[PDB]
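Student: Supplied structure: target00.cif, mmCIF, C-alpha atoms.
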```cif
data_final
#
loop_
_atom_site.label_atom_id
_atom_site.label_comp_id
_atom_site.auth_asym_id
_atom_site.auth_seq_id
_atom_site.Cartn_x
_atom_site.Cartn_y
_atom_site.Cartn_z
CA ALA I 1 159.52 -4.12 -45.25
CA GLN I 2 158.51 -6.65 -42.61
CA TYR I 3 160.93 -9.28 -43.88
CA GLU I 4 164.34 -7.81 -44.73
CA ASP I 5 167.52 -9.27 -46.10
CA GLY I 6 170.08 -9.05 -43.33
CA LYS I 7 167.40 -9.22 -40.65
CA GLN I 8 165.40 -12.47 -40.49
CA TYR I 9 167.50 -13.97 -43.22
CA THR I 10 170.49 -13.31 -45.44
CA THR I 11 170.92 -13.88 -49.16
CA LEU I 12 173.76 -15.97 -50.55
CA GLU I 13 176.02 -13.97 -52.86
CA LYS I 14 176.65 -17.32 -54.52
CA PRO I 15 173.26 -19.04 -54.94
CA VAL I 16 173.40 -22.85 -55.06
CA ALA I 17 171.63 -24.52 -58.00
CA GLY I 18 169.68 -27.78 -57.70
CA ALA I 19 169.68 -27.45 -53.91
CA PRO I 20 166.95 -29.00 -51.75
CA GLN I 21 163.99 -26.71 -51.03
CA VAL I 22 164.41 -26.59 -47.26
CA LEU I 23 167.89 -27.71 -46.21
CA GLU I 24 168.78 -27.96 -42.54
CA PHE I 25 172.27 -28.62 -41.09
CA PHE I 26 173.13 -29.75 -37.62
CA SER I 27 175.61 -31.55 -35.40
CA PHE I 28 174.90 -33.77 -32.41
CA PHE I 29 177.77 -31.82 -30.70
CA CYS I 30 176.00 -28.50 -31.30
CA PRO I 31 174.27 -26.99 -28.21
CA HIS I 32 171.81 -24.75 -30.11
CA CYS I 33 171.07 -27.79 -32.25
CA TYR I 34 170.12 -29.66 -29.10
CA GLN I 35 167.77 -26.77 -28.26
CA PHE I 36 166.32 -26.76 -31.81
CA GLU I 37 165.52 -30.45 -31.58
CA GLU I 38 164.25 -31.13 -28.06
CA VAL I 39 163.07 -27.77 -26.74
CA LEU I 40 161.92 -25.85 -29.82
CA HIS I 41 161.11 -28.63 -32.32
CA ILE I 42 162.02 -26.29 -35.18
CA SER I 43 162.04 -28.85 -38.00
CA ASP I 44 158.62 -29.99 -36.98
CA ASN I 45 157.09 -26.53 -36.69
CA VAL I 46 158.60 -25.49 -39.98
CA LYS I 47 157.07 -28.56 -41.66
CA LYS I 48 153.68 -27.71 -40.22
CA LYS I 49 153.71 -24.42 -42.09
CA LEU I 50 155.31 -25.43 -45.36
CA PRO I 51 153.01 -25.46 -48.41
CA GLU I 52 152.22 -28.28 -50.76
CA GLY I 53 155.09 -29.99 -52.54
CA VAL I 54 157.96 -28.94 -50.32
CA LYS I 55 160.27 -31.61 -48.97
CA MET I 56 162.54 -31.07 -46.01
CA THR I 57 166.12 -32.24 -45.87
CA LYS I 58 168.30 -32.50 -42.76
CA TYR I 59 172.03 -33.16 -42.86
CA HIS I 60 174.73 -33.75 -40.30
CA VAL I 61 178.12 -31.94 -40.48
CA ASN I 62 181.73 -32.98 -39.85
CA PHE I 63 183.30 -29.81 -38.48
CA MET I 64 182.40 -30.40 -34.86
CA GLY I 65 183.72 -33.14 -32.63
CA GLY I 66 186.62 -34.37 -34.73
CA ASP I 67 186.73 -38.10 -35.28
CA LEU I 68 183.42 -38.73 -33.55
CA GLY I 69 181.85 -35.96 -35.62
CA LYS I 70 182.54 -37.83 -38.86
CA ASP I 71 181.23 -41.03 -37.26
CA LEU I 72 178.01 -39.20 -36.44
CA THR I 73 177.70 -37.99 -40.06
CA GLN I 74 178.08 -41.57 -41.27
CA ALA I 75 175.59 -42.77 -38.61
CA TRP I 76 173.09 -40.13 -39.68
CA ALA I 77 173.50 -41.49 -43.22
CA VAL I 78 172.64 -44.93 -41.77
CA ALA I 79 169.62 -43.34 -40.07
CA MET I 80 168.50 -41.75 -43.38
CA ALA I 81 169.07 -44.93 -45.37
CA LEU I 82 166.99 -47.02 -42.94
CA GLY I 83 164.48 -44.25 -42.32
CA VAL I 84 164.98 -44.29 -38.59
CA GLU I 85 165.78 -40.62 -37.98
CA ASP I 86 162.85 -40.17 -35.62
CA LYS I 87 164.08 -42.99 -33.45
CA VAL I 88 167.73 -42.11 -32.91
CA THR I 89 167.79 -38.32 -32.93
CA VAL I 90 166.85 -37.86 -29.29
CA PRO I 91 169.08 -40.65 -27.89
CA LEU I 92 171.98 -39.44 -30.01
CA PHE I 93 171.66 -35.83 -28.80
CA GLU I 94 171.30 -36.98 -25.17
CA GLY I 95 174.13 -39.49 -25.49
CA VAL I 96 176.52 -36.83 -26.79
CA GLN I 97 175.40 -33.81 -24.75
CA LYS I 98 173.39 -34.98 -21.73
CA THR I 99 174.69 -38.29 -20.40
CA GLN I 100 177.89 -38.13 -22.44
CA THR I 101 177.77 -41.87 -22.89
CA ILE I 102 178.60 -41.60 -26.58
CA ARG I 103 182.38 -41.71 -26.92
CA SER I 104 183.02 -44.06 -29.83
CA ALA I 105 181.43 -45.52 -32.95
CA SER I 106 180.49 -48.60 -30.92
CA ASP I 107 178.54 -46.36 -28.51
CA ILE I 108 176.74 -44.79 -31.45
CA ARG I 109 175.89 -48.27 -32.67
CA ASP I 110 174.45 -49.08 -29.20
CA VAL I 111 171.99 -46.21 -29.57
CA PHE I 112 170.61 -47.82 -32.75
CA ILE I 113 170.50 -51.33 -31.21
CA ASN I 114 168.59 -49.99 -28.23
CA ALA I 115 166.23 -48.27 -30.69
CA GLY I 116 165.53 -51.66 -32.19
CA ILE I 117 167.57 -51.67 -35.39
CA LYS I 118 169.23 -55.06 -35.69
CA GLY I 119 173.01 -55.29 -35.52
CA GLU I 120 173.19 -57.14 -38.80
CA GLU I 121 171.01 -54.43 -40.35
CA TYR I 122 173.02 -51.57 -38.82
CA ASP I 123 176.44 -52.98 -39.75
CA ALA I 124 175.40 -53.77 -43.30
CA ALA I 125 174.06 -50.24 -43.78
CA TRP I 126 177.14 -48.65 -42.11
CA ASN I 127 179.42 -50.42 -44.57
CA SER I 128 177.25 -49.87 -47.65
CA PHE I 129 178.06 -47.78 -50.73
CA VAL I 130 174.55 -46.35 -50.52
CA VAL I 131 175.53 -44.93 -47.14
CA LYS I 132 178.89 -43.78 -48.58
CA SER I 133 177.13 -41.68 -51.23
CA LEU I 134 174.71 -40.38 -48.59
CA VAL I 135 177.74 -39.18 -46.61
CA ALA I 136 179.01 -37.58 -49.85
CA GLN I 137 175.71 -35.78 -50.32
CA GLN I 138 175.83 -34.32 -46.78
CA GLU I 139 179.40 -33.16 -47.21
CA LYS I 140 178.68 -31.73 -50.68
CA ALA I 141 175.63 -29.78 -49.56
CA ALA I 142 177.56 -28.18 -46.69
CA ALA I 143 180.49 -27.42 -48.98
CA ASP I 144 178.22 -25.71 -51.52
CA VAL I 145 177.26 -23.02 -48.94
CA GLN I 146 180.72 -23.00 -47.39
CA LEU I 147 179.17 -23.92 -44.05
CA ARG I 148 181.05 -22.84 -40.90
CA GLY I 149 178.31 -22.92 -38.27
CA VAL I 150 175.23 -24.81 -37.16
CA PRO I 151 172.25 -24.90 -36.78
CA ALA I 152 171.68 -23.59 -40.28
CA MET I 153 168.75 -23.58 -42.61
CA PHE I 154 168.77 -22.63 -46.30
CA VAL I 155 165.74 -22.14 -48.51
CA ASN I 156 165.94 -23.00 -52.22
CA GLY I 157 169.72 -22.73 -52.20
CA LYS I 158 169.58 -18.98 -51.92
CA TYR I 159 168.33 -17.75 -48.53
CA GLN I 160 169.86 -18.44 -45.13
CA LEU I 161 167.77 -18.13 -41.97
CA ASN I 162 169.13 -15.60 -39.50
CA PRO I 163 167.77 -16.53 -36.01
CA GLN I 164 169.96 -14.02 -34.11
CA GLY I 165 167.68 -11.39 -35.64
CA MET I 166 164.54 -12.67 -33.86
CA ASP I 167 163.23 -12.04 -30.29
CA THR I 168 164.11 -14.84 -27.87
CA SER I 169 162.27 -13.69 -24.75
CA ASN I 170 159.56 -16.22 -25.53
CA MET I 171 160.40 -19.59 -27.05
CA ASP I 172 157.06 -20.25 -28.76
CA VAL I 173 157.13 -16.83 -30.42
CA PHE I 174 160.69 -17.42 -31.62
CA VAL I 175 159.71 -20.73 -33.20
CA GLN I 176 156.73 -19.29 -35.11
CA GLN I 177 158.74 -16.32 -36.34
CA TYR I 178 161.37 -18.77 -37.54
CA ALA I 179 158.77 -21.00 -39.18
CA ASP I 180 156.85 -18.08 -40.72
CA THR I 181 160.11 -16.76 -42.15
CA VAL I 182 160.77 -20.09 -43.79
CA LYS I 183 157.25 -20.05 -45.34
CA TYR I 184 157.83 -16.50 -46.61
CA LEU I 185 161.16 -17.39 -48.19
CA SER I 186 159.48 -20.48 -49.54
CA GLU I 187 156.87 -18.46 -51.44
CA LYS I 188 159.42 -15.87 -52.57
#
```
Would you put the structure from the file into C-alpha coordinates?

Tutor:
Amino acid sequence: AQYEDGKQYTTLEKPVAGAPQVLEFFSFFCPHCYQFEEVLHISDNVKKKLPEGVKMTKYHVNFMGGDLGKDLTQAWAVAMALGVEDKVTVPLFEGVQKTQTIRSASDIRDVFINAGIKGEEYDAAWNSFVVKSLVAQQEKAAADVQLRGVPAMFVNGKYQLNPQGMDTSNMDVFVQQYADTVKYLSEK
(Lines of atoms letter the chains of each structure in order from A and count residues from 1; the text may use other names and numbers.)
(Lines give C-alpha, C1' and ligand atoms only; values in the text may rest on other atoms or scores of the structure.)
Protein backbone atom coordinates (compact mmCIF):
# COMPACT_ATOMS: atom_id res chain seq x y z
CA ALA A 1 0.00 0.00 0.00
CA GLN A 2 0.99 3.67 -0.03
CA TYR A 3 1.03 3.91 3.77
CA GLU A 4 2.70 0.90 5.39
CA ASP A 5 3.32 -0.11 8.95
CA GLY A 6 7.06 0.02 9.47
CA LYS A 7 7.48 2.68 6.79
CA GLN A 8 5.82 6.04 7.52
CA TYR A 9 4.73 4.85 10.91
CA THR A 10 4.94 1.92 13.30
CA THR A 11 2.23 0.26 15.35
CA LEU A 12 2.51 -0.14 19.10
CA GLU A 13 2.45 -3.79 20.17
CA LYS A 14 0.97 -2.42 23.37
CA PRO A 15 -1.71 0.12 22.42
CA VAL A 16 -2.38 2.83 25.02
CA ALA A 17 -6.02 3.34 26.04
CA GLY A 18 -7.53 6.76 26.75
CA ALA A 19 -4.54 8.45 25.11
CA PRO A 20 -4.80 11.89 23.50
CA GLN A 21 -5.65 11.86 19.78
CA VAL A 22 -2.45 13.50 18.56
CA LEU A 23 0.28 13.35 21.20
CA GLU A 24 3.62 15.00 20.57
CA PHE A 25 6.76 14.70 22.76
CA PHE A 26 9.78 16.93 22.76
CA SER A 27 12.70 18.30 24.74
CA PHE A 28 14.19 21.79 24.59
CA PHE A 29 17.61 19.95 24.57
CA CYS A 30 16.64 17.96 21.48
CA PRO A 31 18.23 19.17 18.19
CA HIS A 32 15.65 17.62 15.83
CA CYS A 33 13.02 19.11 18.11
CA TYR A 34 14.56 22.51 17.51
CA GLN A 35 14.28 21.83 13.77
CA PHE A 36 10.65 20.65 14.13
CA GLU A 37 9.70 23.85 15.91
CA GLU A 38 11.54 26.70 14.19
CA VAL A 39 12.42 25.40 10.73
CA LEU A 40 9.67 22.91 9.89
CA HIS A 41 6.76 24.06 12.09
CA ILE A 42 5.51 20.47 12.25
CA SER A 43 2.89 20.92 14.98
CA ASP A 44 1.40 23.79 13.07
CA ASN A 45 1.29 22.04 9.71
CA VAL A 46 -0.16 18.93 11.27
CA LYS A 47 -2.92 21.02 12.88
CA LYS A 48 -3.72 22.61 9.54
CA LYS A 49 -4.58 19.20 8.13
CA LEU A 50 -6.32 17.59 11.08
CA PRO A 51 -10.08 17.07 10.72
CA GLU A 52 -12.87 18.31 12.91
CA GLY A 53 -12.80 17.42 16.59
CA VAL A 54 -9.15 16.51 16.97
CA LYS A 55 -7.16 18.16 19.72
CA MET A 56 -3.39 18.27 19.76
CA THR A 57 -1.30 17.64 22.84
CA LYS A 58 2.38 18.46 23.28
CA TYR A 59 4.46 17.28 26.21
CA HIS A 60 7.99 17.83 27.42
CA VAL A 61 10.22 14.92 28.56
CA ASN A 62 12.72 14.43 31.39
CA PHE A 63 15.29 12.08 29.86
CA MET A 64 17.44 14.76 28.29
CA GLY A 65 19.50 17.34 30.10
CA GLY A 66 19.43 15.92 33.61
CA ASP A 67 18.43 18.36 36.30
CA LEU A 68 17.64 21.15 33.87
CA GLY A 69 15.56 18.73 31.81
CA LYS A 70 13.15 18.17 34.70
CA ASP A 71 13.04 21.93 35.30
CA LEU A 72 12.03 22.40 31.68
CA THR A 73 9.25 19.80 32.05
CA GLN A 74 7.93 21.67 35.08
CA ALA A 75 8.26 25.00 33.21
CA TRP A 76 6.37 23.60 30.25
CA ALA A 77 3.65 22.62 32.72
CA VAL A 78 3.65 26.29 33.84
CA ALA A 79 3.40 27.30 30.17
CA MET A 80 0.43 24.93 29.65
CA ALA A 81 -1.31 26.02 32.83
CA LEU A 82 -1.06 29.72 31.90
CA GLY A 83 -1.62 29.07 28.21
CA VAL A 84 1.56 30.78 27.16
CA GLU A 85 3.15 28.02 25.09
CA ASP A 86 3.27 30.17 21.96
CA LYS A 87 5.22 32.83 23.79
CA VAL A 88 8.01 30.86 25.44
CA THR A 89 8.68 28.00 23.02
CA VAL A 90 11.01 29.93 20.74
CA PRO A 91 12.98 31.73 23.50
CA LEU A 92 13.31 28.49 25.43
CA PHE A 93 14.67 26.57 22.43
CA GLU A 94 17.06 29.42 21.56
CA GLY A 95 18.10 29.88 25.19
CA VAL A 96 19.01 26.20 25.53
CA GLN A 97 20.43 25.49 22.06
CA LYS A 98 21.34 28.77 20.36
CA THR A 99 22.59 31.33 22.87
CA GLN A 100 22.99 28.78 25.65
CA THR A 101 21.92 31.38 28.16
CA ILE A 102 19.62 28.94 29.92
CA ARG A 103 21.64 27.19 32.62
CA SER A 104 19.36 27.17 35.66
CA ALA A 105 15.73 27.36 36.73
CA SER A 106 16.20 31.09 37.35
CA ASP A 107 17.27 31.51 33.69
CA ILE A 108 14.16 29.64 32.59
CA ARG A 109 12.10 31.96 34.74
CA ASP A 110 13.77 34.97 33.01
CA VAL A 111 12.48 33.73 29.66
CA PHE A 112 8.90 33.91 30.99
CA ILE A 113 9.42 37.34 32.61
CA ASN A 114 10.80 38.70 29.35
CA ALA A 115 7.76 37.21 27.61
CA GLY A 116 5.58 39.26 29.91
CA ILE A 117 4.35 36.74 32.46
CA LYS A 118 4.55 38.38 35.87
CA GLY A 119 6.93 36.98 38.46
CA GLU A 120 4.18 36.61 41.01
CA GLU A 121 2.12 34.77 38.39
CA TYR A 122 5.02 32.55 37.30
CA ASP A 123 6.14 31.62 40.82
CA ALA A 124 2.62 30.86 41.98
CA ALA A 125 2.05 28.58 38.98
CA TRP A 126 5.48 26.91 39.36
CA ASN A 127 4.66 25.97 42.95
CA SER A 128 1.05 24.94 42.31
CA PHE A 129 -0.48 21.47 42.64
CA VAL A 130 -2.21 22.05 39.32
CA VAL A 131 1.25 22.29 37.77
CA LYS A 132 2.38 19.23 39.80
CA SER A 133 -0.39 17.10 38.27
CA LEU A 134 0.41 18.54 34.83
CA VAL A 135 3.99 17.33 35.31
CA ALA A 136 2.54 13.94 36.33
CA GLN A 137 0.47 13.81 33.15
CA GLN A 138 3.54 14.48 30.95
CA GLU A 139 5.57 11.84 32.73
CA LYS A 140 2.69 9.32 32.63
CA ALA A 141 2.04 9.78 28.93
CA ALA A 142 5.72 9.22 28.09
CA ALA A 143 5.85 6.20 30.39
CA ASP A 144 2.80 4.63 28.73
CA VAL A 145 4.68 4.38 25.39
CA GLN A 146 7.99 3.64 27.08
CA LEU A 147 9.47 6.69 25.40
CA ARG A 148 13.24 6.67 24.76
CA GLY A 149 13.60 9.27 22.00
CA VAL A 150 12.26 12.58 20.77
CA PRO A 151 10.73 14.14 18.72
CA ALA A 152 7.90 11.64 18.81
CA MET A 153 4.30 11.73 17.73
CA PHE A 154 1.63 9.14 18.52
CA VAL A 155 -1.84 8.98 17.03
CA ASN A 156 -4.75 7.64 19.11
CA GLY A 157 -2.38 5.80 21.43
CA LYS A 158 -1.61 3.23 18.80
CA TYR A 159 0.47 4.59 15.90
CA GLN A 160 3.92 6.16 16.08
CA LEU A 161 5.15 8.45 13.32
CA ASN A 162 8.32 7.23 11.64
CA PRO A 163 10.04 10.29 10.03
CA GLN A 164 13.27 8.44 9.15
CA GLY A 165 11.16 6.71 6.51
CA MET A 166 10.40 9.94 4.59
CA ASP A 167 12.48 11.86 1.97
CA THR A 168 14.41 14.78 3.46
CA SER A 169 15.90 16.32 0.32
CA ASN A 170 13.21 18.99 0.46
CA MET A 171 11.97 20.35 3.77
CA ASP A 172 8.50 21.43 2.64
CA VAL A 173 7.84 18.02 1.09
CA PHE A 174 8.98 16.29 4.28
CA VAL A 175 6.58 18.37 6.37
CA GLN A 176 3.54 17.63 4.18
CA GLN A 177 4.32 13.93 4.05
CA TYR A 178 4.57 13.98 7.83
CA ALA A 179 1.34 15.93 8.17
CA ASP A 180 -0.52 13.83 5.58
CA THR A 181 0.58 10.70 7.42
CA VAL A 182 -0.86 12.04 10.64
CA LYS A 183 -4.20 12.77 8.86
CA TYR A 184 -4.22 9.23 7.42
CA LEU A 185 -3.57 7.63 10.79
CA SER A 186 -6.17 9.97 12.20
CA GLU A 187 -8.87 8.65 9.87
CA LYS A 188 -7.75 5.03 10.30

Student: Taking the file as I've supplied it (selection: the PyMOL selection byres ((chain I and resi 3) around 12)), which residues are included? Please answer as a VMD selection string.

Tutor: chain I and resid 1 to 2 4 to 10 161 to 162 165 to 166 177 to 178 180 to 185 188

Student: Go through I:62, I:97, I:160, I:73 and flag the residue nearest residue 31 (chain I), using only C-alpha atoms for the distances.

Tutor: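 Looking at the shortest contact to residue 31 (chain I), the residue is I:97.
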
Student: Enumerate, as a list in words, the residues matched when the PyMOL selection byres ((chain I and resi 144) around 10) is run on the file above.

Tutor: residues 14, 15, 16, 17, 19, 139, 140, 141, 142, 143, 145, 146, 147 and 157 of chain I

Student: Of the candidates I:148, I:103, I:87, I:60, which shows the shortest atom-to-atom distance to residue 28 (chain I), using all atoms listed in the file?

Tutor: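 Closest to residue 28 (chain I), using all atoms listed in the file: I:60.
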
Student: So, counting all atoms listed in the file, which residue among I:21, I:102, I:114, I:121 is closest to residue 52 (chain I)?

Tutor: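 Result for the nearest residue to residue 52 (chain I): I:21.
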
Student: Give the answer as one residue: which of I:51, I:45, I:92, I:104 has the shortest atom-to-atom distance to residue 68 (chain I), using all atoms listed in the file?

Tutor: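 Going through I:51, I:45, I:92, I:104 one by one, the smallest distance to residue 68 (chain I) is for I:104.
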
Student: What is the CA of residue 133 (chain I)-CA of residue 86 (chain I) distance in Å, reported with one decimal?

Tutor: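 Pair CA of residue 133 (chain I) / CA of residue 86 (chain I) returns 21.2 Å.
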
Student: If we count all atoms listed in the file and set the cut-off at 12 Å, which residues sit around residue 94 (chain I), ignoring sequence neighbours fewer than 3 positions away in its own chain? Please answer as a VMD selection string.

Tutor: chain I and resid 28 to 31 33 to 35 37 to 38 88 to 91 97 to 102 108 111

Student: May I have the residues from that selection written out with C-alpha atoms, as a tab-separated table (two decimals), in the coordinates of the input?

Tutor:
```tsv
chain	number	residue	atom	x	y	z
I	28	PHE	CA	174.90	-33.77	-32.41
I	29	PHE	CA	177.77	-31.82	-30.70
I	30	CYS	CA	176.00	-28.50	-31.30
I	31	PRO	CA	174.27	-26.99	-28.21
I	33	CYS	CA	171.07	-27.79	-32.25
I	34	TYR	CA	170.12	-29.66	-29.10
I	35	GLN	CA	167.77	-26.77	-28.26
I	37	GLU	CA	165.52	-30.45	-31.58
I	38	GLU	CA	164.25	-31.13	-28.06
I	88	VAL	CA	167.73	-42.11	-32.91
I	89	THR	CA	167.79	-38.32	-32.93
I	90	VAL	CA	166.85	-37.86	-29.29
I	91	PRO	CA	169.08	-40.65	-27.89
I	97	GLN	CA	175.40	-33.81	-24.75
I	98	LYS	CA	173.39	-34.98	-21.73
I	99	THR	CA	174.69	-38.29	-20.40
I	100	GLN	CA	177.89	-38.13	-22.44
I	101	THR	CA	177.77	-41.87	-22.89
I	102	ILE	CA	178.60	-41.60	-26.58
I	108	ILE	CA	176.74	-44.79	-31.45
I	111	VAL	CA	171.99	-46.21	-29.57
```

Student: Given the choices I:136, I:56, I:40, I:117, which gets closest to residue 23 (chain I) if the distance is worked out from only C-alpha atoms?

Tutor: I:56

Student: Would you mind reading off the distance between CA of residue 57 (chain I) and CA of residue 120 (chain I), one decimal, in Å?

Tutor: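 So the two atoms, CA of residue 57 (chain I) and CA of residue 120 (chain I), lie 26.8 Å apart.
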
Student: Given the choices I:179, I:39, I:135, I:22, which gets closest to residue 70 (chain I) if the distance is worked out from only C-alpha atoms?

Tutor: I:135

Student: Just how far from CA of residue 42 (chain I) is CA of residue 149 (chain I), in Å to one decimal?

Tutor: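 One can read the CA of residue 149 (chain I) to CA of residue 42 (chain I) distance as 16.9 Å.
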
Student: To verify the selection step, state as a PDB file with C-alpha atoms, in the coordinates of the input which residues the PyMOL selection byres ((chain I and resi 152) around 7) yields on this input.

Tutor:
```
ATOM      1  CA  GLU I  24     168.780 -27.960 -42.540  1.00  0.00           C
ATOM      2  CA  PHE I  25     172.270 -28.620 -41.090  1.00  0.00           C
ATOM      3  CA  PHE I  26     173.130 -29.750 -37.620  1.00  0.00           C
ATOM      4  CA  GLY I 149     178.310 -22.920 -38.270  1.00  0.00           C
ATOM      5  CA  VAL I 150     175.230 -24.810 -37.160  1.00  0.00           C
ATOM      6  CA  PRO I 151     172.250 -24.900 -36.780  1.00  0.00           C
ATOM      7  CA  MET I 153     168.750 -23.580 -42.610  1.00  0.00           C
ATOM      8  CA  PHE I 154     168.770 -22.630 -46.300  1.00  0.00           C
ATOM      9  CA  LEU I 161     167.770 -18.130 -41.970  1.00  0.00           C
TER      10      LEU I 161
END
```

Student: Calculate, to one decimal in Å, the centre and edge lengths of the box along x, y and z of the file that holds all listed atoms of region 158-175 of chain I with 5 Å of margin on each side, and present them as AutoDock Vina command-line options.

Tutor:
```
--center_x 163.5 --center_y -16.1 --center_z -38.3 --size_x 22.9 --size_y 19.3 --size_z 37.2
```

Student: Extract, using only C-alpha atoms, all DNA, RNA and protein residues at most 8 Å from residue 74 (chain I), discarding same-chain residues fewer than 3 positions from it, and format them as a PyMOL selection string.

Tutor: chain I and resi 70-71+77-78+126+131-132+135

Student: Could you give me region 74-96 of chain I completed to N, CA, C and O atoms, formatted as a PDB file, in the frame of the given file?

Tutor:
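Saved as selection-v4.pdb:
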```pdb
ATOM      1  N   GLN I  74     178.362 -40.249 -40.678  1.00  0.00           N
ATOM      2  CA  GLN I  74     178.080 -41.570 -41.270  1.00  0.00           C
ATOM      3  C   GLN I  74     176.876 -42.284 -40.621  1.00  0.00           C
ATOM      4  O   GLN I  74     176.052 -42.909 -41.321  1.00  0.00           O
ATOM      5  N   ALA I  75     176.731 -42.166 -39.302  1.00  0.00           N
ATOM      6  CA  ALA I  75     175.590 -42.770 -38.610  1.00  0.00           C
ATOM      7  C   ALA I  75     174.273 -42.112 -38.985  1.00  0.00           C
ATOM      8  O   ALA I  75     173.224 -42.764 -39.005  1.00  0.00           O
ATOM      9  N   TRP I  76     174.301 -40.812 -39.236  1.00  0.00           N
ATOM     10  CA  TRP I  76     173.090 -40.130 -39.680  1.00  0.00           C
ATOM     11  C   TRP I  76     172.723 -40.596 -41.102  1.00  0.00           C
ATOM     12  O   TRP I  76     171.544 -40.717 -41.448  1.00  0.00           O
ATOM     13  N   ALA I  77     173.737 -40.871 -41.920  1.00  0.00           N
ATOM     14  CA  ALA I  77     173.500 -41.490 -43.220  1.00  0.00           C
ATOM     15  C   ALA I  77     172.789 -42.828 -43.016  1.00  0.00           C
ATOM     16  O   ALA I  77     171.776 -43.091 -43.659  1.00  0.00           O
ATOM     17  N   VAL I  78     173.292 -43.653 -42.094  1.00  0.00           N
ATOM     18  CA  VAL I  78     172.640 -44.930 -41.770  1.00  0.00           C
ATOM     19  C   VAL I  78     171.188 -44.666 -41.374  1.00  0.00           C
ATOM     20  O   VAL I  78     170.272 -45.291 -41.908  1.00  0.00           O
ATOM     21  N   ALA I  79     170.973 -43.687 -40.495  1.00  0.00           N
ATOM     22  CA  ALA I  79     169.620 -43.340 -40.070  1.00  0.00           C
ATOM     23  C   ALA I  79     168.741 -42.948 -41.277  1.00  0.00           C
ATOM     24  O   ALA I  79     167.587 -43.382 -41.392  1.00  0.00           O
ATOM     25  N   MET I  80     169.286 -42.149 -42.190  1.00  0.00           N
ATOM     26  CA  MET I  80     168.500 -41.750 -43.380  1.00  0.00           C
ATOM     27  C   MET I  80     168.215 -42.940 -44.279  1.00  0.00           C
ATOM     28  O   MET I  80     167.097 -43.113 -44.761  1.00  0.00           O
ATOM     29  N   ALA I  81     169.217 -43.777 -44.486  1.00  0.00           N
ATOM     30  CA  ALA I  81     169.070 -44.930 -45.370  1.00  0.00           C
ATOM     31  C   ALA I  81     167.996 -45.889 -44.861  1.00  0.00           C
ATOM     32  O   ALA I  81     167.203 -46.404 -45.643  1.00  0.00           O
ATOM     33  N   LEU I  82     167.933 -46.079 -43.547  1.00  0.00           N
ATOM     34  CA  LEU I  82     166.990 -47.020 -42.940  1.00  0.00           C
ATOM     35  C   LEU I  82     165.676 -46.338 -42.598  1.00  0.00           C
ATOM     36  O   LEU I  82     164.697 -47.003 -42.261  1.00  0.00           O
ATOM     37  N   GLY I  83     165.648 -45.017 -42.706  1.00  0.00           N
ATOM     38  CA  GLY I  83     164.480 -44.250 -42.320  1.00  0.00           C
ATOM     39  C   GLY I  83     164.185 -44.308 -40.831  1.00  0.00           C
ATOM     40  O   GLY I  83     163.035 -44.428 -40.402  1.00  0.00           O
ATOM     41  N   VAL I  84     165.219 -44.192 -40.012  1.00  0.00           N
ATOM     42  CA  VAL I  84     164.980 -44.290 -38.590  1.00  0.00           C
ATOM     43  C   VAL I  84     165.398 -43.035 -37.841  1.00  0.00           C
ATOM     44  O   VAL I  84     165.603 -43.076 -36.631  1.00  0.00           O
ATOM     45  N   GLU I  85     165.441 -41.914 -38.560  1.00  0.00           N
ATOM     46  CA  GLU I  85     165.780 -40.620 -37.980  1.00  0.00           C
ATOM     47  C   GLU I  85     164.986 -40.314 -36.732  1.00  0.00           C
ATOM     48  O   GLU I  85     165.550 -39.869 -35.736  1.00  0.00           O
ATOM     49  N   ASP I  86     163.676 -40.546 -36.765  1.00  0.00           N
ATOM     50  CA  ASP I  86     162.850 -40.170 -35.620  1.00  0.00           C
ATOM     51  C   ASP I  86     163.029 -41.086 -34.443  1.00  0.00           C
ATOM     52  O   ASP I  86     162.446 -40.857 -33.387  1.00  0.00           O
ATOM     53  N   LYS I  87     163.886 -42.090 -34.578  1.00  0.00           N
ATOM     54  CA  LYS I  87     164.080 -42.990 -33.450  1.00  0.00           C
ATOM     55  C   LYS I  87     165.405 -42.803 -32.760  1.00  0.00           C
ATOM     56  O   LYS I  87     165.541 -43.169 -31.593  1.00  0.00           O
ATOM     57  N   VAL I  88     166.377 -42.226 -33.456  1.00  0.00           N
ATOM     58  CA  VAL I  88     167.730 -42.110 -32.910  1.00  0.00           C
ATOM     59  C   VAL I  88     168.131 -40.677 -32.606  1.00  0.00           C
ATOM     60  O   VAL I  88     169.127 -40.438 -31.926  1.00  0.00           O
ATOM     61  N   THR I  89     167.376 -39.706 -33.105  1.00  0.00           N
ATOM     62  CA  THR I  89     167.790 -38.320 -32.930  1.00  0.00           C
ATOM     63  C   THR I  89     167.890 -37.915 -31.459  1.00  0.00           C
ATOM     64  O   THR I  89     168.875 -37.326 -31.027  1.00  0.00           O
ATOM     65  N   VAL I  90     166.868 -38.239 -30.690  1.00  0.00           N
ATOM     66  CA  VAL I  90     166.850 -37.860 -29.290  1.00  0.00           C
ATOM     67  C   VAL I  90     167.946 -38.625 -28.520  1.00  0.00           C
ATOM     68  O   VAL I  90     168.759 -37.989 -27.851  1.00  0.00           O
ATOM     69  N   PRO I  91     167.995 -39.977 -28.623  1.00  0.00           N
ATOM     70  CA  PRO I  91     169.080 -40.650 -27.890  1.00  0.00           C
ATOM     71  C   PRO I  91     170.480 -40.284 -28.352  1.00  0.00           C
ATOM     72  O   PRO I  91     171.409 -40.389 -27.571  1.00  0.00           O
ATOM     73  N   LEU I  92     170.652 -39.871 -29.602  1.00  0.00           N
ATOM     74  CA  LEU I  92     171.980 -39.440 -30.010  1.00  0.00           C
ATOM     75  C   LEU I  92     172.341 -38.096 -29.396  1.00  0.00           C
ATOM     76  O   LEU I  92     173.456 -37.923 -28.883  1.00  0.00           O
ATOM     77  N   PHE I  93     171.431 -37.126 -29.459  1.00  0.00           N
ATOM     78  CA  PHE I  93     171.660 -35.830 -28.800  1.00  0.00           C
ATOM     79  C   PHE I  93     171.964 -36.041 -27.302  1.00  0.00           C
ATOM     80  O   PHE I  93     172.939 -35.509 -26.760  1.00  0.00           O
ATOM     81  N   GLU I  94     171.126 -36.814 -26.628  1.00  0.00           N
ATOM     82  CA  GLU I  94     171.300 -36.980 -25.170  1.00  0.00           C
ATOM     83  C   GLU I  94     172.567 -37.755 -24.822  1.00  0.00           C
ATOM     84  O   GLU I  94     173.243 -37.453 -23.828  1.00  0.00           O
ATOM     85  N   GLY I  95     172.913 -38.725 -25.665  1.00  0.00           N
ATOM     86  CA  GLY I  95     174.130 -39.490 -25.490  1.00  0.00           C
ATOM     87  C   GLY I  95     175.382 -38.652 -25.676  1.00  0.00           C
ATOM     88  O   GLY I  95     176.338 -38.818 -24.928  1.00  0.00           O
ATOM     89  N   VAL I  96     175.393 -37.750 -26.661  1.00  0.00           N
ATOM     90  CA  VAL I  96     176.520 -36.830 -26.790  1.00  0.00           C
ATOM     91  C   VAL I  96     176.507 -35.706 -25.739  1.00  0.00           C
ATOM     92  O   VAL I  96     177.534 -35.413 -25.136  1.00  0.00           O
TER      93      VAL I  96
END
```
